[PDB]
Amino acid sequence: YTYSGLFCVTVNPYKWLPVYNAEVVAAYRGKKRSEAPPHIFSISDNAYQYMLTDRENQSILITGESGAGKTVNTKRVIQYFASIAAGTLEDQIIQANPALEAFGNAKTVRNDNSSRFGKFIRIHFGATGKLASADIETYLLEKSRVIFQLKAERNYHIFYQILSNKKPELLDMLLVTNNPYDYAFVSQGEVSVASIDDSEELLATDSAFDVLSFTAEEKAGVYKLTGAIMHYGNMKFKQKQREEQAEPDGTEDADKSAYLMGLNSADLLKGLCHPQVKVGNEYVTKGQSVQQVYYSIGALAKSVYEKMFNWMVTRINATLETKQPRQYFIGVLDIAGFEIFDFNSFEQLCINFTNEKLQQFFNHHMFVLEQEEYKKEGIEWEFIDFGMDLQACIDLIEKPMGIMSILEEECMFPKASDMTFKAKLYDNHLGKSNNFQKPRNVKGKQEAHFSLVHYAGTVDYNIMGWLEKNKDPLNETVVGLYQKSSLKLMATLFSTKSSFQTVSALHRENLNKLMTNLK
Amino acid sequence: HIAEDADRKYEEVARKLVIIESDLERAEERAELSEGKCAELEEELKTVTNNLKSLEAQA
Amino acid sequence: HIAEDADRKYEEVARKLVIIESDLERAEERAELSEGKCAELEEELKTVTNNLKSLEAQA
Amino acid sequence: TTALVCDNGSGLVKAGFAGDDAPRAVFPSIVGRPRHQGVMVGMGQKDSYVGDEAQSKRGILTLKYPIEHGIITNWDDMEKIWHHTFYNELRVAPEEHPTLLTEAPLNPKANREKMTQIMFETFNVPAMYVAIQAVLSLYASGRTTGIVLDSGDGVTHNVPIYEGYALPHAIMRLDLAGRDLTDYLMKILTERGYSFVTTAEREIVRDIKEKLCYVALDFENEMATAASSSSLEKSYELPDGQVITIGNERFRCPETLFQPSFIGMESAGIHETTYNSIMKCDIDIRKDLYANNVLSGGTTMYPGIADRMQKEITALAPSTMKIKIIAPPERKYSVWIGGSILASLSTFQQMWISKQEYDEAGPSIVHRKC
Ligand SMILES: Nc1ncnc2c1ncn2[C@@H]1O[C@H](COP(=O)(O)OP(=O)(O)O)[C@@H](O)[C@H]1O
Numbered sequence: 115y116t117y118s119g120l121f122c123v124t125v126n127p128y129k130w131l132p133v134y135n136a137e138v139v140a141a142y143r144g145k146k147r148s149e150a151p152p153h154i155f156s157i158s159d160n161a162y163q164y165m166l167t168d169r170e171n172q173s174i175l176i177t178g179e180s181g182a183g184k185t186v187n188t189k190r191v192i193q194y195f196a197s198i199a200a215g216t217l218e219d220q221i222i223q224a225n226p227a228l229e230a231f232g233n234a235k236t237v238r239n240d241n242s243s244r245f246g247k248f249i250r251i252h253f254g255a256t257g258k259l260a261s262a263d264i265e266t267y268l269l270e271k272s273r274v275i276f277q278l279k280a281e282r283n284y285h286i287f288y289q290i291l292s293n294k295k296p297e298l299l300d301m302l303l304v305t306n307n308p309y310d311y312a313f314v315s316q317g318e319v320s321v322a323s324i325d326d327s328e329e330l331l332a333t334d335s336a337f338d339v340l341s342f343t344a345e346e347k348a349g350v351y352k353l354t355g356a357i358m359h360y361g362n363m364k365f366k367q368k369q370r371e372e373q374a375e376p377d378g379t380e381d382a383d384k385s386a387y388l389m390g391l392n393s394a395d396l397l398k399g400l401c402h403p404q405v406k407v408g409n410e411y412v413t414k415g416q417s418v419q420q421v422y423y424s425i426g427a428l429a430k431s432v433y434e435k436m437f438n439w440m441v442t443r444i445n446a447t448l449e450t451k452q453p454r455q456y457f458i459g460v461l462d463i464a465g466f467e468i469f470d471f472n473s474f475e476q477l478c479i480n481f482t483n484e485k486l487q488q489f490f491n492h493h494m495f496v497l498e499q500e501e502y503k504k505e506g507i508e509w510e511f512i513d514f515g516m517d518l519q520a521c522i523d524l525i526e527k528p529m530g531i532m533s534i535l536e537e538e539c540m541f542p543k544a545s546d547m548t549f550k551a552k553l554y555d556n557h558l559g560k561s562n563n564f565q566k567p568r569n570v571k572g573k574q575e576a577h578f579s580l581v582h583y584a585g586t587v588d589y590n591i592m593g594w595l596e597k598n599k600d601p602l603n604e605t606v607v608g609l610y611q612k613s614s615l616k617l618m619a620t621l622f623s624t637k644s645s646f647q648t649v650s651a652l653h654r655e656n657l658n659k660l661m662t663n664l665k
Numbered sequence: 153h154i155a156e157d158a159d160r161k162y163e164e165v166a167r168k169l170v171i172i173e174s175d176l177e178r179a180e181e182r183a184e185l186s187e188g189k190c191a192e193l194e195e196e197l198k199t200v201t202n203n204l205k206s207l208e209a210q211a
Numbered sequence: 153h154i155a156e157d158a159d160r161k162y163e164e165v166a167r168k169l170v171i172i173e174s175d176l177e178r179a180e181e182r183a184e185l186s187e188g189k190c191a192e193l194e195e196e197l198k199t200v201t202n203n204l205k206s207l208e209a210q211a
Numbered sequence: 007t008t009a010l011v012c013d014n015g016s017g018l019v020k021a022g023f024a025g026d027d028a029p030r031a032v033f034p035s036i037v038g039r040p041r042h043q044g045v046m047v048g049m050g051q052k053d054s055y056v057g058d059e060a061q062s063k064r065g066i067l068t069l070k071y072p073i074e075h076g077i078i079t080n081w082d083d084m085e086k087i088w089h090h091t092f093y094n095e096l097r098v099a100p101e102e103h104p105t106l107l108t109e110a111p112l113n114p115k116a117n118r119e120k121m122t123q124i125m126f127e128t129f130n131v132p133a134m135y136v137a138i139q140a141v142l143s144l145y146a147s148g149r150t151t152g153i154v155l156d157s158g159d160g161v162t163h164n165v166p167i168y169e170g171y172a173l174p175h176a177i178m179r180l181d182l183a184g185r186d187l188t189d190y191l192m193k194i195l196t197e198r199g200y201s202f203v204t205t206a207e208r209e210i211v212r213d214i215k216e217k218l219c220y221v222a223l224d225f226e227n228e229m230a231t232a233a234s235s236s237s238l239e240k241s242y243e244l245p246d247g248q249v250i251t252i253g254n255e256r257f258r259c260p261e262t263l264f265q266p267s268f269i270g271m272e273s274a275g276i277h278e279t280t281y282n283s284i285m286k287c288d289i290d291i292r293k294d295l296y297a298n299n300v301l302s303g304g305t306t307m308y309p310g311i312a313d314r315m316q317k318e319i320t321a322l323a324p325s326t327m328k329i330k331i332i333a334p335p336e337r338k339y340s341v342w343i344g345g346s347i348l349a350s351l352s353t354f355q356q357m358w359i360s361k362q363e364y365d366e367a368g369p370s371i372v373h374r375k376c
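Protein chains in written order, with the entry's author numbering: chain H, 115 to 200, 215 to 624, 637, 644 to 665; chain T, 153 to 211; chain R, 153 to 211; chain I, 7 to 376.
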């Protein structure tokens, strides 16, 4: 245990220690940080005290890309919060976790169990400081993986968990074989890692759905939706003979997915090849090329997956909540951290952008703290804001001429390619900004295209493929088909006088919402 | 008077309905037969396109 | 009683008449769409066959 | 802040917000004034009706289009139409939105000068811009190269583009469009007995044209076929009963686009002016122009027009080129779609004509710079 200015650095000991159990060490109640030893229990207690004396919620931002140390610390802090302010919230929280483990974790290049979203566990407290229910809230999720995975990676575990042929009942219900190299949405990188089984984790997720309030239908429906997400990957369309139009050739996976999600097959194919639009007061068919059909299919898959994820998290919040109307809570924020790999891409850029935002948040907090302390000791000393004026210039990525706006523009523009995207980047930024730099590409190493001077160093990015990865055209005709499906889970998902949607835009809006919550 | 008037004119309405239903069935036959013939025609066209592209490569 | 019963049966039969007319016009417009396109691509087939023959002469 | 896209056209106003997939408001570009006496005291009679309110009341009104051939010939009526479009159809405040207007190529400069002066003074838009309809159509087609043939209600024009470069010396503008076909059909229907003379009757004939007319692949044998049998005859029902049946008029009306001598014009058909606009381009780009003929506008919506166009151009061009007529199924709103795409680009936000630039330079800035 250590203190770093304002951080609380803990190191994984890998050796069982009674330094947390029993309460003999938990005597931090009433004690301050500045006097007692530097334990996270001191910080949990400080947040408790601040809630009781200030009526202002508190937040715990724990570093998450570390494989271990974070999870055990989360367990220990929820245990401590149960202990001080005492079928328990800890039991309940760890019960339904296999759902999140299977849905929001995937094999990473530098990991094998990676939190690919943001978990904001809210432990709510009574009017006076009595433990109340605790709801879980999820934030921006790397939905781009549901379709595309790099080489030597693979998407969320649940797909291979299901496809391990553990319950032949499922692989019989979803009209699905077991060979992973038959489904393009999962067979992009590597189909399985040797560092984990899929069958026993499938059993864990089954038991999770059981301890969860899910019925038989709220489980078969989920399995059917995942099977349909796999069946989308190998639908095939061909340009109509001699003019332009994308038409289907063979409807095998079409009929499969149509039966699964509870739709019609001809209706689905027609709505995929002939999307309708409302022009003022009338509807007119819109044409679709092959690549447009593929983009729409991918967008549908991503939307379905995210909707299912959020609905499951709402179900967890429901089954784990029963309590009097309470006032305050403590924020436990789990999220990935900064990344510097050997080959950085769009996803790494988004993650580093989020971490730039969080780091600017921390800098602002620490700046106002130091400035307060100076006004307290009468020390007359004023300096340029140590909070934002560091990264506000490394916020090209959001200002409406930076990288993301340029990428959206290039997603809209005709015949745009990766070379034109690179050219636009260079014309707008190379030489005109100081954080934007041309990479020093040495033969023998992976080629980068530009370099951003982040707070955690200068990272080199390779833009190959960002255009296809940013497109997200939702097909409202197929969504309207979904809203009528027989499979009641699908209709519940899509219950709630468009072609301009991009992953970066949704990501930026989600990040704005998250920062708004934290601020 | 009004009842028998409605009776006669709307029985004639049902007669026009017989006519329109007959012609609708005829038009369904026409549509299905035409789309089948034109699927045959599109087979001919795709085949002859294959023929021309292959043969012009050879040429 | 007779009059109103007649009127209601009649109006229902007629409101089926109207949808029969709509489906009839839909069927005939689809059939003419088809046949027109089919003769246009028939002309296309004639062109590509003439090109096939000229290409045979070239071979 | 979002921007407005207001493709005006000479027959239909299509407005909406930059970033949507289709225009939010589509109504006729028409102003109606009462024609008869008015006897019911207290009815609250309006001075004039605009849009499609003037269309349902058309029985008692005299309708006027404020745009004749792409040129705005009545500025009070055009102001009424813009006021309606902003306040009653879109329900916004023009003071809070840049506006992207559109204009056909090769028409007088006073048109654009008055457009921008009207906007900036009687609407106080923060900024505005006047695009060219063919460029926006090409944006919407997802291309950067091709000869686009736009054909709306007032004017038909070709604009050849290559790699995003326009060839302003090869732009060809023609002045027969939907409205002249409507008039020709009104004149041809009299030889069967039907007489439409009123403006409301002109609207009726326009609907007959939009429902029953098509372009014959081969005009002569189509004529002979219509003469021999009677299978080409359809029936239409006026809004008082009184069905009418038309025969060879169905394809004699749009045939005027290919033989403008039917209405006593000396120009050539649209196929021939397209070919001429191509042959006026540099010999290196015309092989790529031949394969990217982009059809746009309402008057290009007849059934069989793409096939006839391809047949004619193929007969004109050398026997080695690949003629491809690109006719999207939503080609009637291509100009608006492209306008929304354009007004949504990040690199476009410096192309607006800000209020301050207008205050410095007068209305003449619209073409002097932008
Ligand atoms: N389905 C159709 N078939 C044939 N002509 C049509 C059709 N729809 C519209 N038109 C013609 O198109 C004209 C309106 O087209 P539009 O592109 O809106 O004109 P503008 O661009 O000047 O507003 C009308 O005059 C009408 O005659």
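Built from N, CA and C at the ideal position, the CB exists for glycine as well.
Candidates the options, of which the one nearest residue i by Cα
{"i": "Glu101(I)", "options": "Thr205(I), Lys20(I), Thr7(I)", "result": "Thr7(I)"}
{"i": "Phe549(H)", "options": "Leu535(H), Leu486(H), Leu558(H), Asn239(H)", "result": "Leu535(H)"}
{"i": "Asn299(I)", "options": "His277(I), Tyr308(I), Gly310(I)", "result": "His277(I)"}
{"i": "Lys352(H)", "options": "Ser261(H), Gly378(H), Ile286(H)", "result": "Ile286(H)"}
{"i": "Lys612(H)", "options": "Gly349(H), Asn171(H), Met389(H)", "result": "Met389(H)"}
{"i": "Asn491(H)", "options": "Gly530(H), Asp517(H), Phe469(H)", "result": "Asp517(H)"}
{"i": "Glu270(H)", "options": "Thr236(H), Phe578(H), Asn293(H)", "result": "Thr236(H)"}
{"i": "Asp224(I)", "options": "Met49(I), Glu261(I), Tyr55(I)", "result": "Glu261(I)"}
{"i": "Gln123(I)", "options": "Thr105(I), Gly152(I), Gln139(I), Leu322(I)", "result": "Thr105(I)"}
{"i": "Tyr71(I)", "options": "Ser62(I), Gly65(I), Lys63(I), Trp81(I)", "result": "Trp81(I)"}
{"i": "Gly17(I)", "options": "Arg30(I), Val98(I), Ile73(I)", "result": "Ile73(I)"}
{"i": "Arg244(H)", "options": "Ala584(H), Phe622(H), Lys659(H), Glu467(H)", "result": "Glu467(H)"}
Residue j beta carbon less than 8 Å from that of residue i
{"i": "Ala146(I)", "j": "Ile347(I)", "result": "yes"}
{"i": "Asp462(H)", "j": "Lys279(H)", "result": "no"}
{"i": "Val405(H)", "j": "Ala28(I)", "result": "yes"}
{"i": "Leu228(H)", "j": "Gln289(H)", "result": "no"}
{"i": "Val581(H)", "j": "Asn556(H)", "result": "no"}
{"i": "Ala260(H)", "j": "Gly254(H)", "result": "yes"}
{"i": "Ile198(H)", "j": "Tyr267(H)", "result": "no"}
{"i": "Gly57(I)", "j": "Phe33(I)", "result": "yes"}
Same chain, Cβ closer than 6 Å to residue i, neighbours up to 5 away in sequence not counted
{"i": "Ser340(I)", "result": "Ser143, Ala146, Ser302"}
{"i": "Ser180(H)", "result": "none"}
Counterpart residues of residue i in DSSP-defined beta bridges
{"i": "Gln404(H)", "result": "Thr413(H)"}
{"i": "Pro376(H)", "result": "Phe365(H)"}
{"i": "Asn164(I)", "result": "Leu155(I), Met178(I)"}
Own chain partners of residue i with C-beta closer than 7 Å, once the 5 adjacent residues on each side are dropped
{"i": "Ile77(I)", "result": "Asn113, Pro114, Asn117"}
{"i": "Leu166(H)", "result": "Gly257"}
{"i": "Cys376(I)", "result": "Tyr135, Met357, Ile359"}
{"i": "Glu363(I)", "result": "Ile371"}
{"i": "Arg250(H)", "result": "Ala262, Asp263, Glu265, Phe457, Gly459"}
8 Å CB neighbourhood of residue i in its chain, flanking five on each side removed
{"i": "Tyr200(I)", "result": "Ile250"}
Inset, instruction - Go through the residues and name those whose CB comes closer than 6 Å to any heavy atom of ligand 1, in chain order. - result: Around ligand 1, the residues selected by a Cβ distance under 6 Å to any of its heavy atoms are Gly15(I), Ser16(I), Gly17(I), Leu18(I), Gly158(I), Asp159(I), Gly160(I), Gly184(I), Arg185(I), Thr188(I), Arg212(I), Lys215(I), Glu216(I), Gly303(I), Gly304(I), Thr305(I), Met307(I), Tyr308(I), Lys338(I), following chain order.
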